[PDB]
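Below: the structure, in structure tokens.
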Protein chains: 4
Amino acid sequence: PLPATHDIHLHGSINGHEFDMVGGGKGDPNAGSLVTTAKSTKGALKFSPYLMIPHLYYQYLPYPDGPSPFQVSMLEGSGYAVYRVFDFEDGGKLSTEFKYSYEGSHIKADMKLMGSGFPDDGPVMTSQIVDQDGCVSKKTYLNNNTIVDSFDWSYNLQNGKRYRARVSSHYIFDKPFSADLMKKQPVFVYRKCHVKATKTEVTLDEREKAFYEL
Amino acid sequence: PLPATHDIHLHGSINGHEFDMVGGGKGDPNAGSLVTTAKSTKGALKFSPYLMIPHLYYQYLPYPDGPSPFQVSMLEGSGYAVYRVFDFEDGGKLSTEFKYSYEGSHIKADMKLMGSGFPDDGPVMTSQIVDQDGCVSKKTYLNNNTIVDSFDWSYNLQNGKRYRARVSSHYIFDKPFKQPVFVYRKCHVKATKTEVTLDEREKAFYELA
Amino acid sequence: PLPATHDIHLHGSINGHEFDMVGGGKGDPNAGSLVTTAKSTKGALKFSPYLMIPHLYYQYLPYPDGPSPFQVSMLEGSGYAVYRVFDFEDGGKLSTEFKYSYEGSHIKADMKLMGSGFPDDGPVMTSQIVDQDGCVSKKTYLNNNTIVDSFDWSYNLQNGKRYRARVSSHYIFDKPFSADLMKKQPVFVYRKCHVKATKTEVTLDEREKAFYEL
Amino acid sequence: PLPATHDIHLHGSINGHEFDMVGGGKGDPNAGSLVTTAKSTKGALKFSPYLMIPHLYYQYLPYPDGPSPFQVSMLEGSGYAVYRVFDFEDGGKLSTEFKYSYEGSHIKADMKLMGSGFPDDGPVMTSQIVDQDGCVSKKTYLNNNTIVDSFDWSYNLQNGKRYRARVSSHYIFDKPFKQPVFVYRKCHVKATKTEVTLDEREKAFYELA
């Protein structure tokens with residue numbers, strides 16, 4: 001079935017310091033929306049809690065003409081993994097790996113994040129981030145079981161400026177895609193992240209809308 | 001007034017070889033659509049004619065809730081210049097400069113393109129390009145008179161693969177002035193080694209969710 | 001003491017397929033040279049064995065005016081971790097994390113590599129790589145305990161062409177650097193990798209020479 | 001013959017504002033060193049004078065085992081053009097074009113620089129730059145008449161930080177022709193808002209180990 005609820009476990013290190021967060025949420029796979037809450041298990045985070053965004057489930061994402069490949073993967077009892085690399089404008093780098101397990105309509109996500117190079121006086125380490133702009137991702141097919149995308153992410157800072165990152169994503173599926181499915185590309189997805197956070201807990205309310213053309 | 005017709009002059013060099021094209025077209029500033037035809041004045045192009053895409057007028061682009069800054073600029077009798085840098089996946093680089101002059105609803109565009117580093121056996125120099133994917137650009141404001149954007153451009157090749165370029169655009173206005181502003185565009189092209197025609201469609205949006 | 005011998009354990013996944021290699025080698029910390037041999041523990045590698053290069057120990061690297069920060073770290077009983085991101089020209093991405101432990105002059109290295117987006121018909125997955133060009137890395141200081149570098153890596157292919165990657169490195173130390181040490185930058189390092197490999201075993205003979213100016 | 005003296009003319013625009021500088025200098029083609037002085041012809045520059053660095057002649061550059069291709073080109077009465085793209089960490093972009101003419105051992109250089117997207121409060125527009133780090137460029141060959149290079153440029157700021165740019169260079173020769181070839185360079189600069197002087201040192205190498 002399509003997902004209804006999920007658990008999340010984020011862990012790894014940022015600038016050489018380990019962090020760990022656990023939580024979960026729920027979503028509407030018909031609307032492409034979801035909510036996720038994560039709480040630290042090692043006390044206050046040493047970096048902006050917003051760095052955990054957009055990391056806080058494309059299994060909730062439908063396409064204009066039916067379930068997305070991500071949803072079909074879950075429905076058919078298959079699976080996929082997610083790999084991303086964030087190249088921040090000030091030298092910071094963040095690499096991520098997401099793995100999932102399914103139990104009925106409940107998803108369990110294990111997310112490993114490794115970040116480094118964030119200036120100690122930068123927006124991340126000094127928690128200057130206050131929001132993030134809506135964003136459009138571009139998805140295309142690579143090989144026969146991989147979807148690749150790119151997006152230019154931008155956080156909003158207290159001073160009104162923006163903090164940017166060039167992002168690349170690779171979604172690797174355990175089962176190959178059909179020939180007709182691969183004819184439908186690129187696929188664009190507009191997403192907006194509404195966040196509420198503290199030094200120990202972060203909550204994301206994500207909205208998504210995919211389109212082939214406008 | 002808003003634009004209705006335009007003429008174009010593209011010139012410069014690709015891999016050290018000069019090229020020159022002239023032509024024009026028209027468009028619908030209420031729909032964001034336009035057509036442009038350019039013909040070489042120096043014989044057959046030595047590189048893929050598709051390299052002239054998307055270079056073949058945002059004055060035809062309306063925004064989600066009214067005229068775009070590009071249109072407002074023209075309506076008020078002001079202007080802007082366009083600068084882009086295309087970073088191709090195989091090392092090729094393309095720098096462009098667009099300047100305009102207006103006469104009523106007619107636009108005259110001068111476009112200078114300087115490209116280098118394209119492998120002689122690559123898709124550009126061996127004309128492997130056959131089409132280009134629809135594309136979404138992300139626009140934000142900088143300083144008091146500049147709009148900046150980025151987009152990941154991708155051509156479709158004869159062999160079924162794609163040929164990508166990371167693109168940056170800077171629109172500098174002559175006078176000081178909701179973001180980001182996204183724009184979906186699709187280019188429909190018909191080309192030969194001496195003439196290229198573009199039918200462009202555009203649709204801007206602030207948000208879809 | 002300075003290192004004399006080392007063990008290596010590389011593991012992770014490339015394009016969604018797990019791999020694991022173990023081995024080790026020795027080096028000359030006075031010359032900046034070293035040799036490392038790694039052998040697969042899961043049979044033949046599904047990707048070019050050269051992808052394991054340059055991953056196969058800056059503790060062997062001296063500077064023109066004395067032991068490098070990497071060597072001093074080991075000598076003083078401290079330590080550092082290494083994080084890299086390889087951005088390949090054809091979309092491939094490789095993120096790495098190296099951690100070390102020391103026992104006298106013997107180093108134990110645990111290397112985690114996560115790669116994705118390599119085209120199935122590309123030089124990596126079809127093993128077209130036959131060598132790699134000499135390379136110069138540029139090192140500068142960030143914060144008070146991090147060294148950052150960049151280098152433009154290039155493999156040589158059978159057809160005579162090259163396969164490039166833009167690389168970023170972050171070396172995070174457990175102890176902060178002195179003020180005078182940080183005045184000495186950038187530091188450049190020329191390195192050449194001499195490799196011999198098979199689908200199951202790879203051997204690297206690395207040469208290095210650092211300089212502040214020429 | 002190898003070069004001994006040169007004149008320079010830099011022009012173009014930065015963030016939509018035109019600039020123009022003229023001057024010249026000399027160098028030692030056996031040592032790879034040279035000096036260049038350029039003075040503004042349009043009053044004080046509106047951006048950091050250091051932005052004119054490293055733009056202020058590889059004809060003075062020898063290689064590890066003999067004259068460089070840049071020198072061979074000049075000696076044989078041929079020539080080459082230089083195209084660079086600077087991708088600055090804060091969004092600024094700079095595209096450059098250098099063309100030369102020779103008269104014996106004297107070189108005349110025409111340099112066009114087009115820059116945009118520099119934040120008005122950034123290090124370039126507020127003149128925060130005070131120096132630049134030594135730098136190593138990596139050169140490789142492409143096609144039959146091009147040399148391509150890359151280098152990670154870094155300016156030093158008044159506040160102690162660095163301001164970086166990812167740079168790509170394409171040297172296109174008029175006629176067809178050991179790699180990579182690395183070149184360490186250091187720029188010693190003295191500048192004011194109207195005049196900039198560069199003392200450049202260069203040393204190429206194929207390998208050091």
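What do you reckon, is A:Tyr80 surrounded by 17 or more Cβ atoms within 10 Å (Cβ to Cβ) and within 14 Å of chain C (Cβ to nearest Cβ)? Steps first, answer last, please.
On the way: surrounded by 17 or more Cβ atoms within 10 Å (Cβ to Cβ): yes; within 14 Å of chain C (Cβ to nearest Cβ): yes.
Yes; evaluated as a whole, the condition is true for this residue.
Scan segment A:39-98 residue by residue and report those that are within 15 Å of the chain's Cα centre (by Cα), of a type in the set (A, V, I, L, M) and farther than 19 Å from A:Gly24 by Cα.
Listed by number, the residues that qualify are A:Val85, A:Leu94.
For (1) of a type in the set (A, V, I, L, M, F, W, C); (2) in a strand (DSSP E or B); (3) under 30 Å from B:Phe173 (Cα atoms); (4) touching a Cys at 6+ places or on another chain (Cβ under 8 Å), each residue gets a yes or a no:
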residue: D:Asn30; (1), (2), (3), (4): no, no, no, no
residue: D:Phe47; (1), (2), (3), (4): yes, no, yes, no
residue: D:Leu56; (1), (2), (3), (4): yes, no, yes, no
residue: D:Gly91; (1), (2), (3), (4): no, no, yes, no
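When you scan segment C:70-93, do you find a residue that is under 16 Å from C:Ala4 (Cα atoms) and of a type in the set (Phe, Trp, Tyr), even just one?
Yes.
Listed here are the residues, each with its yes/no results for (1) within 12 Å of the chain's Cα centre (by Cα); (2) at negative phi.
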| residue | (1), (2) |
| --- | --- |
| B:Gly12 | no, no |
| B:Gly16 | no, no |
| B:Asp20 | no, yes |
| B:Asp28 | no, yes |
| B:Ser33 | no, yes |
| B:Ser40 | no, yes |
| B:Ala44 | no, yes |
| B:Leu51 | yes, yes |
| B:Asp65 | no, yes |
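Within segment A:111-127, which residues are of a type outside the set (S, T, N, Q), within 11 Å of chain C (Cβ to nearest Cβ) and outside any loop (DSSP other than H, G, I, E, B)? It would help to see each step written out before you state the result.
Applying the first criterion (of a type outside the set (S, T, N, Q)) to segment A:111-127 yields A:111-115, A:117-125.
Still in the list and also within 11 Å of chain C (Cβ to nearest Cβ): A:112-115, A:117-122, A:125.
Matches in segment A:111-127: A:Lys112, A:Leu113, A:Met114, A:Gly115.
Inside segment B:102-124, can you point out the residues that are surrounded by fewer than 18 Cβ atoms within 10 Å (Cβ to Cβ) and in a loop (DSSP other than H, G, I, E, B)?
Within segment B:102-124, B:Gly104, B:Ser105, B:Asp120, B:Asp121 meet the criteria.
Return the residues of segment C:41-99 that are assigned to a loop (DSSP other than H, G, I, E, B), over 17 Å from C:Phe151 (Cα atoms) and small (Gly, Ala, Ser); say none if nothing qualifies.
Hits for segment C:41-99 are C:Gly43, C:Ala44, C:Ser48, C:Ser68, C:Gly77, C:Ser78, C:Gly79, C:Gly91.
Select from segment D:154-165 the residues that are more than 8 Å from every other protein chain (Cβ to nearest Cβ) and either hydroxyl-bearing (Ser, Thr, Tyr) or out of contact with any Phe, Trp or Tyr (no Cβ under 7 Å at 6 or more places or on another chain) (or both) and list them in ascending order.
Scanning segment D:154-165 gives D:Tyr155, D:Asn156, D:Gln158, D:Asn159, D:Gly160, D:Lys161, D:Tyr163.
Regarding B:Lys99, is this residue more than 9 Å from every other protein chain (Cβ to nearest Cβ), surrounded by fewer than 22 Cβ atoms within 10 Å (Cβ to Cβ) and assigned to a loop (DSSP other than H, G, I, E, B)? Steps first, please.
Details: more than 9 Å from every other protein chain (Cβ to nearest Cβ): yes; surrounded by fewer than 22 Cβ atoms within 10 Å (Cβ to Cβ): yes; assigned to a loop (DSSP other than H, G, I, E, B): no.
The answer is no for B:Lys99.
Does C:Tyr141 fit the bill of being crowded, with 17+ Cβ neighbours inside 10 Å and either touching a helix residue (DSSP H, G or I) at 6+ places or on another chain (Cβ under 9 Å) or at the interface with another protein chain (Cβ under 8 Å from one of its Cβ atoms) (or both)?
Spelling it out, C:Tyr141 is indeed crowded, with 17+ Cβ neighbours inside 10 Å and either touching a helix residue (DSSP H, G or I) at 6+ places or on another chain (Cβ under 9 Å) or at the interface with another protein chain (Cβ under 8 Å from one of its Cβ atoms) (or both).
Would you be able to tell me the number of residues in segment A:93-110 that are small (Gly, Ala, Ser), more than 9 Å from chain C (Cβ to nearest Cβ) and crowded, with 18+ Cβ neighbours inside 10 Å?
Result for segment A:93-110: 1.
Got a sec? Which of C:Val189, C:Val167, C:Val130 is more than 14 Å from chain A (Cβ to nearest Cβ), in a strand (DSSP E or B) and surrounded by fewer than 21 Cβ atoms within 10 Å (Cβ to Cβ)?
On the way: C:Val189 fails: surrounded by fewer than 21 Cβ atoms within 10 Å (Cβ to Cβ); C:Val167 fails: more than 14 Å from chain A (Cβ to nearest Cβ).
Testing whether each residue is more than 14 Å from chain A (Cβ to nearest Cβ), in a strand (DSSP E or B) and surrounded by fewer than 21 Cβ atoms within 10 Å (Cβ to Cβ) leaves just C:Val130.
No Cβ is skipped: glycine too gets one built from the backbone with ideal geometry, and neighbour counts run over all protein chains shown. Just so you know, all these numbers are worked out from the coordinates, no wet-lab data involved.
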